[PDB]
Protein chains: 2
Amino acid sequence: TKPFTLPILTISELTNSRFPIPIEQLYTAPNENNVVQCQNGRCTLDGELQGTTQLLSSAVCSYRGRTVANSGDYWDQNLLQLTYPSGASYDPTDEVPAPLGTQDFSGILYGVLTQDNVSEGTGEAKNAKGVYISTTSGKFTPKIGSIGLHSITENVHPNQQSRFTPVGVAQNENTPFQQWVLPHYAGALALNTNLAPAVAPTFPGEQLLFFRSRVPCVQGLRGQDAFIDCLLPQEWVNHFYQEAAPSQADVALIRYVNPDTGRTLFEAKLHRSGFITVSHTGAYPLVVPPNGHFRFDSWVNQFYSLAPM
Amino acid sequence: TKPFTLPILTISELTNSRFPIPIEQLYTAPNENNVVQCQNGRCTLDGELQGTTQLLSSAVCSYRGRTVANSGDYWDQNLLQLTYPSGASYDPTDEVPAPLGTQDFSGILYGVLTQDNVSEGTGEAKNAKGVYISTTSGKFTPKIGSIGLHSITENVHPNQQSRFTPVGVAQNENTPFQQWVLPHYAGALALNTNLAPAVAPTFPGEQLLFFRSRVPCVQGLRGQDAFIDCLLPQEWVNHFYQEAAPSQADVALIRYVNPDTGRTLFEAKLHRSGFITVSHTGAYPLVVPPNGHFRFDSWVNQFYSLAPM
């Protein structure tokens, strides 16, 4: 039986699985009213990708396809007829919530659309268009293969093969950024399908442990931080996919260790569905040694008692 | 002794190590007048990172720091005084060619600068500034901890903590995109230092094999492609770093296989310094089967004679 392992990576060597930026810190908090059901960065410990999860950070919140004119709409002047960010054709009957890498938070995603290359004499950055992709728009239906593009300053051409590169997130006065409210992948008139399950602590005193990043915010949240919290770093997703080690229990005991001193800084529970819990009550940003990393200890029973941290 | 392995990844499951976009195909050509000395995606088979190579694709061609106003009527309206991912000033005495992840191609890099968050009422994408970072500017001195920012869209504010997210590449009438001309990391008046070595075939009939991507081009190259070719995909760099398997010969004989049939499509030499050669004469794009992947076969010496492909 292939033993289960974690990659040996420090907190500065991890990528957020829900937005293509590095992990900044570990963070724990109670769920209070949030339903924690993100769809990117979802992978079982034995290597089954779930939700909209794929292997490349450069595909997370990225889109590719062909633009379609949508003149007359207030918000979305054009649509993007999607494929997978792979470039492989997208079939709405695929058993996924949306094309892999589709944004899994509610609100406005900001990025740059690139289209057919233009001549040098056309001018600077004339094949770059700043664009909003909002999930509250009626045209956000990636499950059906089409999303709406809100142009900001630059003209988006119809009928051109186009690539959307994410840059950050946005918040205006009627569209709050809500990282734990799933989009309606098929529009407000249809239920989501093929979702990775919601996660929550099930042992007394435990809280979810998140891998936290601050995403750039191009509008709103003055003096505040746009946080995107993921359950697994992209590197863990890819490691579990590569290894496909059979899971021997619902929960694995893991430790954050200093490899030079051998000290366990804290213990945590790694759950089969692909998330972590720690024994703590309250919102708490962890600070962890630059050389520290998680290590797999053993498979334990669901009601194993972690050392408080 | 820890056996050497490659990750099991198809061509579309690989990330370019020189720009955060997926690999699309393989490519081989003679060096003729190109000095092949890229500094990102450089890693020995036993896991030693070289040049400016680090582990996160989300850090390649990404920059962070504090803006400083630049006087005069010239190309760069602002400078970016660089900082580590923690916010501490960069150290020019580090034995590296430049901060890790610095762009290693000459020409114009395009992306979006984000700064202090602005209120919701300030307007759409008002904390997003489209920007050119040109290596032919006298202000491109990342080794010294400062790069020049040419504003295109939105005003860049000085004295603000800022992040640069890369989107693509550009070419105007006097700045060609030259992927094999290393930038002068300390400006045009200083020699590069601490470089990973240039690579070339040394066995008769062999050519370098590259992992090839098409990078978005926001100005120029109409009807043409901006290619970025790397020696190793980011996933191979990270795998070798993780495994740190001792190299047992000068060359790891590797084989591209189609798992549906078990058939070998071609074989290649994976040199212990971290680059691939194949037996071929001429420029040739390799459209590889989408389900295929490289596999490590065995250790051989530098005088192994590859089967021509």
Side-chain angles (χ1 to χ4, degrees), chain A residues 7-9 12-16 20-22 24 54-59 85-88 108 110-112 114 116-128 130 132 150 152-154 163 165-168 170-173 216-226 235 238-239 242, chain B residues 7-9 12-16 20-22 24 54-59 62 85-86 110-112 114 116-128 130-132 150 152-154 163 165-168 170-173 216-226 235 238-239 242 290:
Chain A
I8 302 172
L9 295 162
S12 64
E13 300 170 338
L14 297 172
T15 305
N16 202 300
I21 54 180
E24 300 173 8
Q54 44 80 57
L55 302 174
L56 301 185
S57 293
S58 65
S86 158
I108 299 171
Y110 168 80
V112 180
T114 55
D116 293 345
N117 293 345
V118 300
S119 68
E120 286 81 4
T122 302
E124 292 179 348
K126 283 298 191 175
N127 189 29
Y132 271 178
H150 170 78
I152 292 166
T153 301
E154 288 295 331
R163 190 184 192 306
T165 301
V167 171
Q171 176 164 296
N172 64 23
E173 288 107 283
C217 185
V218 305
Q219 176 186 12
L221 295 174
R222 175 202 197 252
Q224 304 170 80
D225 291 319
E235 289 83 6
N238 302 357
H239 183 77
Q242 282 294 312
Chain B
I8 300 173
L9 296 166
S12 65
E13 294 168 344
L14 299 170
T15 306
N16 201 303
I21 55 177
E24 302 169 6
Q54 43 82 54
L55 296 178
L56 303 186
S57 63
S58 62
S62 174
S86 69
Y110 171 80
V112 176
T114 54
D116 293 346
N117 289 356
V118 303
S119 70
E120 285 80 4
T122 300
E124 297 179 351
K126 281 299 174 176
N127 193 26
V131 128
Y132 271 176
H150 167 80
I152 303 170
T153 79
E154 298 309 321
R163 169 185 290 103
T165 298
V167 171
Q171 182 170 284
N172 64 15
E173 290 95 331
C217 187
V218 304
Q219 175 187 10
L221 294 175
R222 184 191 51 101
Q224 313 152 80
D225 286 322
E235 288 81 4
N238 299 8
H239 185 75
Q242 280 292 312

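Naming convention: chains lettered A, B, ... in sequence-line order (proteins, then strands); numbering from 1 in each chain. Just so you know, these numbers use all the heavy atoms, side chains as well, and skip hydrogens, waters and symmetry mates.
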Taking the side chain as C-beta and beyond, is there a heavy-atom pair between [X] and [Y] under 4.5 Å?
{"X": "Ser58(B)", "Y": "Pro22(A)", "answer": "yes"}
{"X": "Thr114(B)", "Y": "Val218(A)", "answer": "yes"}
{"X": "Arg222(B)", "Y": "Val118(A)", "answer": "no"}
{"X": "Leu56(A)", "Y": "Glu235(B)", "answer": "yes"}
{"X": "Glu124(B)", "Y": "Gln219(A)", "answer": "yes"}
{"X": "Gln242(B)", "Y": "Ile8(A)", "answer": "yes"}
{"X": "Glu173(A)", "Y": "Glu120(B)", "answer": "yes"}

Which portion of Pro290(B) sits near chain A, non-hydrogen atoms under 4.5 angstrom: neither
Part of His150(B) within contact of chain A (heavy atom distance under 4.5 Å): side chain
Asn172(B) (side chain) donor-acceptor with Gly123(A) (main chain) under 3.5 angstrom: no
Under 3.5 Å: donor-acceptor pair, side chain of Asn127(A), backbone of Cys217(B): yes
For [X], is it the side chain, the backbone, both or neither that has a heavy atom under 4.5 Å from a heavy atom of chain B?
{"X": "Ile108(A)", "value": "neither"}
{"X": "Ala125(A)", "value": "both"}
{"X": "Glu24(A)", "value": "side chain"}
{"X": "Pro20(A)", "value": "backbone"}
{"X": "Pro85(A)", "value": "neither"}

CD on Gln171(B) to CG on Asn117(A), rounded to 0.5 Å: 10.0 Å
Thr15(A) side, atom OG1; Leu55(B) side, atom CG - distance, nearest 0.5 Å: 9.0 Å
Tell me, out of [options], who's got the most heavy-atom pairs with chain A below 4.5 Å.
{"options": "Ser57(B), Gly121(B), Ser62(B)", "value": "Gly121(B)"}
{"options": "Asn16(B), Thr122(B), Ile152(B)", "value": "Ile152(B)"}
{"options": "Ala170(B), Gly223(B), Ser119(B)", "value": "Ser119(B)"}

Contact winner vs chain B - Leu14(A), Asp116(A), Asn238(A), heavy-atom pairs under 4.5 Å: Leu14(A)
Candidate pair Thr153(A) and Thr153(B), rule side-chain contact (heavy atoms from CB on, under 4.5 Å), full reasoning: CA-CA 9 Å; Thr153(A) 301; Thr153(B) 79; over 6 Å; no
